[PDB]
Amino acid sequence: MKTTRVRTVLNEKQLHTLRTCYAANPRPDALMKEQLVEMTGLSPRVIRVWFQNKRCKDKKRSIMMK
């Protein structure tokens with residue numbers, strides 16, 4: 001009851017993690033997905049939607065190395 005509160009933020013800490021991820025591959029999966037969990041300190045729920053939205057917003061900003 002009243003459990004599963006909301007405690008998942010998004011800033012330079014988590015962003016940096018996912019950030020280096022995309023530079024390696026635009027389509028991860030159950031494989032690397034497991035490691036990403038322990039690395040972000042939060043459930044995989046947030047992980048799924050992040051990649052999704054990123055594709056739409058990344059209409060041009062998506063070059064590897066500048």
# chains A, B, ... in the order shown; residues from 1 in each chain; ligands from 1

$ closest_atom_pairs --of "range 3-25 of chain A" --to "range 32-40 of chain A" --cutoff "9 Å" --atoms "only C-alpha atoms" --output "tab-separated table"
residue	atom	partner	partner_atom	distance
A:13	CA	A:40	CA	8.5
A:14	CA	A:40	CA	6.0
A:17	CA	A:40	CA	7.3
A:18	CA	A:36	CA	8.1

$ write_last_selection --atoms "N, CA and C atoms" --output "mmCIF file, in the first residue's frame"
data_model
loop_
_atom_site.group_PDB
_atom_site.id
_atom_site.type_symbol
_atom_site.label_atom_id
_atom_site.label_comp_id
_atom_site.auth_asym_id
_atom_site.auth_seq_id
_atom_site.Cartn_x
_atom_site.Cartn_y
_atom_site.Cartn_z
ATOM 1 N N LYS A 13 24.089 12.372 -14.211
ATOM 2 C CA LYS A 13 24.468 11.031 -13.700
ATOM 3 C C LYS A 13 23.929 9.945 -14.644
ATOM 4 N N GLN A 14 22.640 9.741 -14.663
ATOM 5 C CA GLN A 14 22.049 8.696 -15.560
ATOM 6 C C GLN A 14 22.277 9.019 -17.052
ATOM 7 N N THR A 17 25.480 7.801 -18.562
ATOM 8 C CA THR A 17 25.462 6.323 -18.769
ATOM 9 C C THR A 17 24.820 5.995 -20.118
ATOM 10 N N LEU A 18 23.547 6.262 -20.256
ATOM 11 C CA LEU A 18 22.852 5.984 -21.551
ATOM 12 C C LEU A 18 23.611 6.642 -22.704
#

$ residues_around --residues "range 50-56 of chain A" --least-positions-apart "3" --cutoff "12 Å" --atoms "only C-alpha atoms" --output "VMD selection string"
chain A and resid 10 14 to 15 17 to 19 21 to 22 25 to 29 33 44 to 47 59 to 62

$ select_by_dssp --residues "chain A" --states "helix (DSSP H, G or I)" --output "number ranges by chain"
A: 12-24, 30-40, 44-57

$ residues_around --residues "residue 7 in chain A" --least-positions-apart "4" --cutoff "12 Å" --atoms "only C-alpha atoms" --output "MDAnalysis selection string"
chainID A and resid 3 41:43 46

$ write_last_selection --atoms "N, CA and C atoms" --output "PDB file, in the first residue's frame"
ATOM      1  N   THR A   3       3.185   1.805  -1.719  1.00  0.00           N
ATOM      2  CA  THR A   3       4.571   1.356  -1.984  1.00  0.00           C
ATOM      3  C   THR A   3       4.947   1.700  -3.423  1.00  0.00           C
ATOM      4  N   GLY A  41      20.858   2.068 -11.502  1.00  0.00           N
ATOM      5  CA  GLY A  41      20.274   2.101 -10.126  1.00  0.00           C
ATOM      6  C   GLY A  41      18.757   2.324 -10.171  1.00  0.00           C
ATOM      7  N   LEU A  42      18.092   1.834 -11.185  1.00  0.00           N
ATOM      8  CA  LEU A  42      16.604   1.993 -11.253  1.00  0.00           C
ATOM      9  C   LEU A  42      16.000   0.905 -12.154  1.00  0.00           C
ATOM     10  N   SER A  43      14.712   0.682 -12.053  1.00  0.00           N
ATOM     11  CA  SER A  43      14.052  -0.403 -12.852  1.00  0.00           C
ATOM     12  C   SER A  43      14.238  -0.211 -14.365  1.00  0.00           C
ATOM     13  N   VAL A  46      12.014   2.699 -16.956  1.00  0.00           N
ATOM     14  CA  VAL A  46      12.553   3.983 -17.505  1.00  0.00           C
ATOM     15  C   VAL A  46      13.478   3.712 -18.702  1.00  0.00           C
TER      16      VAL A  46
END

$ atom_distance --atom1 "CA of residue 58 in chain A" --atom2 "CA of residue 30 in chain A"
22.8 Å
